[PDB]
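Counting starts at 1 for both ligands and their atoms, following the listed order. Convention: sequence-line order gives letters A, B, ...; per-chain numbering from 1.
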Amino acid sequence: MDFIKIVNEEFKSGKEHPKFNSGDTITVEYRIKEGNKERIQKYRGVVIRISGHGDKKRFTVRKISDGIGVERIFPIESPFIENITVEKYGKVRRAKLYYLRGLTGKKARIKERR
Amino acid sequence: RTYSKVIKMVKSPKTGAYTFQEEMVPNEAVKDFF
Amino acid sequence: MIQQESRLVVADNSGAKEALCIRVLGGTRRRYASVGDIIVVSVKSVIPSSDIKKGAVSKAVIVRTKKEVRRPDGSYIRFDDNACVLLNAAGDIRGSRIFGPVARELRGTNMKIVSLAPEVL
Amino acid sequence: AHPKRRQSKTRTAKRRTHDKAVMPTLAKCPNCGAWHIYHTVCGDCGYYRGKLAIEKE
Amino acid sequence: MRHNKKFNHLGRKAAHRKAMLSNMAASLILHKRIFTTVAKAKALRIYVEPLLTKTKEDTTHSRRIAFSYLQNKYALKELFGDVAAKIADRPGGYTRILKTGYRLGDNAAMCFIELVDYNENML
Amino acid sequence: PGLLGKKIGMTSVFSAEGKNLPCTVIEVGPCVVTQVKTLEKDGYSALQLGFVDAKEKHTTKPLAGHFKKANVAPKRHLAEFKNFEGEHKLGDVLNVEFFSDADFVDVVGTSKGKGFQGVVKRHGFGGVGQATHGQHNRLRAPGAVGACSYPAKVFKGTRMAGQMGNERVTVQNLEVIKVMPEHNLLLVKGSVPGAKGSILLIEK
RNA sequence: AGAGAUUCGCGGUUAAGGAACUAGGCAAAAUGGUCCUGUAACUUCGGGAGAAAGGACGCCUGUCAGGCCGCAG
RNA sequence: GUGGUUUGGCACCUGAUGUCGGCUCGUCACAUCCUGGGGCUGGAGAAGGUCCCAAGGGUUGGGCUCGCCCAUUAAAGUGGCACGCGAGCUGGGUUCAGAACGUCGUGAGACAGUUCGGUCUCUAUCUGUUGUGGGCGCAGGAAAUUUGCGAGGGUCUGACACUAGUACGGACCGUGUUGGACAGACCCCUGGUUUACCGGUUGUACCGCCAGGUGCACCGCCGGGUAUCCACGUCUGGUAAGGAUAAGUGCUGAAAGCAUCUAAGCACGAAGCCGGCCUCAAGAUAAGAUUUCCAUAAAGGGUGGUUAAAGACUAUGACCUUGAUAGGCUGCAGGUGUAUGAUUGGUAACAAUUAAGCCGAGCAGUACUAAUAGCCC
Ligand SMILES: [K+]
Ligand SMILES: [K+]
Ligand SMILES: [K+]
Ligand SMILES: [K+]
Ligand SMILES: [K+]
Ligand SMILES: [Mg+2]
Ligand SMILES: [Mg+2]
Ligand SMILES: [Mg+2]
Ligand SMILES: [Mg+2]
Ligand SMILES: [Mg+2]
Ligand SMILES: [Mg+2]
Ligand SMILES: [Mg+2]
Ligand SMILES: [Mg+2]
Ligand SMILES: [Mg+2]
Ligand SMILES: [Mg+2]
Ligand SMILES: [Mg+2]
Ligand SMILES: [Mg+2]
Ligand SMILES: [Mg+2]
Ligand SMILES: [Mg+2]
Ligand SMILES: [Mg+2]
Ligand SMILES: [Mg+2]
Ligand SMILES: [Mg+2]
Ligand SMILES: [Mg+2]
Ligand code: NA
Ligand code: NA
Ligand code: NA
């Protein structure tokens, strides 16, 4: 009789997604309201952090846009995520890749798993 | 402009004089007030 | 989270390169400005042969923040820099190009002409 | 910093009202027939709750 | 405030506290009963029961994990020898603390902590 | 009118329009009427409600007789509520469906206890001077506590160090997200005073 | 010996901003090694000068190159 | 005429009443800066100007040291409180010994002057204030739930949109939407801490050695980090005016056949007053009310034990064996990030497979350990 679990199960939102961890390159398709239209925006980048409990987790994705680094935090239960696709699987040695912030060009590459 | 001022005369409860009571109401809602 | 004496990149094709925040507009003791907020700036460095002069007091709208911004749908966005766009007295863009991405919050800040941006995130 | 006046005997004794030695919490242990502190090992026999806890030769 | 902070610092720096707990654990393993202060015994219990549980896996890995805490080879040998066979199939609660009295020099509350399976009289 | 509750914890859910709502879960639980207070006898109208099931081991003889008169099983927590629409008798049972038509509720609780706190945490004092520039030992001091010989006293109500928290607090106008009768659950938007497991009063 | 309130002493970390503090950048932070490049005004021709500004640095293999690991040598 | 807030007059208090600005913390007045309500206008509207009532709440950050300037804001009010506040801070200025310049003096030295440097002591007795207990009282003893005599807190405000570019450039009134500041609570989110914990790595020492560990070097350094505690985070609040009024607006109406808001009566009319909202609150000795129980084991308690999201000590809460109170144990959420060994590869440094391993302040289950009804009212 865990009331928090009951509440989470009744209010469960979102969809199942393919497994991924920090260091993987993923594309997130996000629904956006541009006034009155329904658009899908694609955001591709590296997962640098996952944190939280169970289905209430949040993941941070980092990308480079016009030479300006961008980070986006998504709730993995968010109903605005329409699809997640894992492009490349990474090989890292730690859970949080905060060191990627101070790196650019060939210095910020991540080794592939296979 | 559906709002409207509504003032109604009513006898006083402590003196006994026809005092006024005012409120704003919708245009269609004036029937319930008066 | 931009306050007085914070230095910002100028993200348009006007002459200014860097700007210093003089004041955050909007009320007494209003400390911080975020994306879509209007600030007063002093221009700190310009390109050679720049239309705007060094030391010119101007208005600007913040378009990128290093500190993360929360959206009502539970998402957050943060950038690697702090960037603003200069405005004239009428409240319009002083330049003609925008460099780098801008926050999606600028759509509702009555600042639709920043749709010159390469990408709205 | 400094007492403006010396305290009277009355004032000193009134403050000392709450200075008291504490009585120990003593149980009887009716078998051995002598005092010991409640929730401790009976130091004479070495028993505790009717079981030999400490054996003395 | 110390809301939900669940270990006693025992008036020591962290390294001193860890060294003292290690020494106490070796002493308790070597001599099956020791006399201490009540607060030190209560801290030692939480420290020392996981170490005794680790002997339920008779492996080189578990021996090395236990040695990382003990750093005493005599205590390690006794622990993975006799103590393990004695506390086998006991589901926790290997130790017992009983209060005895007070010291003369500082009125400290004193007790003894012992391994339960080595007190035949208390079973 | 209202009911007694127990704070379970916080979570965050998604609404129908896609808004991340912080949420407090409360077990409102079956409350039994244990005494009806009337104008004729008590001088005011109220209902006494009991919340958490107790045992005879933890019920004293006076309270045991009180519950025996009410003809209910003994309860742990008792509280009084007024202005109840509809008549209720001795031993009636009220559940979380009592809030099934409320948009907003009031929650009374006991806040977390901080113990003795200084002026900086308790009252937001700015501290004396800076960390450097000649500071000796007044970084968290109160400063002056009065004026010179003219008042020649510290005024009543001067803000000083002392006990902070562990007191009764009311949070107004918390939106109700969902009533869950099958588990006696109430979901409110926002936070309520106290730690998990504390007893709350929930007023409609 | 306990306990781990306030407050002080000596230390550690800190989002975003970066002297806005203050009489005053006081204190703290920062700089820091070896080798190799490269060093302005001025000068009493000795200096200024370690000016300033850059690059390399771990381990293994082979006669400086090839490889290996880490956020960081 | 009033004030005592300027320059003065007097010399009544003073074996020390010891110091200008700034900081911190306030408190009061109203001679009102903003917000609220009105009269007059040389008030078309819109801006204003002057006067009246009104002290509830607000009343910025900088470059310079009363004042000037920069950028704001609804606004950046004036005064009292030993020109509030140094047993609360500071030490820039001022009072001191060093030194220099200008000027005066034969000189020692001096100054309507300037310049660089120059020890801020005290363990809080009484009262005061903020918190927290013990005793007794309240008709004999108690467990709960309470009424409210009273006290304290709270009280701010912007920009938009429609009405309507209409009434007369540009409205009053009316309605709706989002901000700033402040306060309370809270930790799901974001962010911080996290000398619990996990990993990487330099030097050195020890276990012949190796492997694997461990001590010390700021926690050696470095990268992360649960609970807790937090703000940079999140929720919630401040409205309106129920009653009586202020300045003012009026009805009817004499003294005074007219007039007149008043003398008899009666409507109105402010962020101001009393309430409403929140917290405390029967030592409110005027010690209140209701329900229930009433002496000894566990009617009520105390001492004691296991402890806590409760706490300086206390007090408060839970549990004390027909017991889940704390620990352990068995599982999970979760932190770290792939151990030890064995193979397979590589000449090697190393890589890959295998189970990761370690921890788990949180959650659930479970009497293994500890919680003896002993002693005293
Ligand atoms: K006085
Ligand atoms: K930083
Ligand atoms: K300055
Ligand atoms: K948390
Ligand atoms: K944490
Ligand atoms: Mg005493
Ligand atoms: Mg200490
Ligand atoms: Mg507490
Ligand atoms: Mg400070
Ligand atoms: Mg000093
Ligand atoms: Mg100091
Ligand atoms: Mg910082
Ligand atoms: Mg300043
Ligand atoms: Mg210095
Ligand atoms: Mg005379
Ligand atoms: Mg004297
Ligand atoms: Mg003064
Ligand atoms: Mg002083
Ligand atoms: Mg003083
Ligand atoms: Mg001299
Ligand atoms: Mg000097
Ligand atoms: Mg150390
Ligand atoms: Mg040494
Ligand atoms: Na001369
Ligand atoms: Na009685
Ligand atoms: Na646990």
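- Of all protein N, O or S atoms, those under 2.8 Å from the Mg ion (ligand 11) number 1.
- Figure legend: cation-pi geometry between C/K66 and C/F79 absent, as NZ or CZ is not positioned both under 6.0 Å from the six-membered ring centre and within 45° of its axis.
- Geometrically, E/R33 engages E/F112 in a cation-pi contact defined by less than 6.0 Å to the ring centre and at most 45° from the axis.
- Pairs of residues two or more places apart, or lying in two chains, that qualify as salt bridge (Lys or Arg N to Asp or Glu O under 4.0 Å) and include a residue from residues 101-112 of chain E are E/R103-E/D106.
- With sequence neighbours left out, the side-chain contact (heavy atoms from CB on, under 4.5 Å) criterion links D/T12 to D/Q7, D/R15, D/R16.
- With contacts defined as side-chain heavy-atom distances shorter than 4.5 Å, the pair E/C111/E/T36 qualifies.
- In terms of the side chain to side chain donor-acceptor pair (under 3.5 Å) criterion, residue partners of E/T95 (sequence neighbours excluded) are, by chain and number, E/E49.
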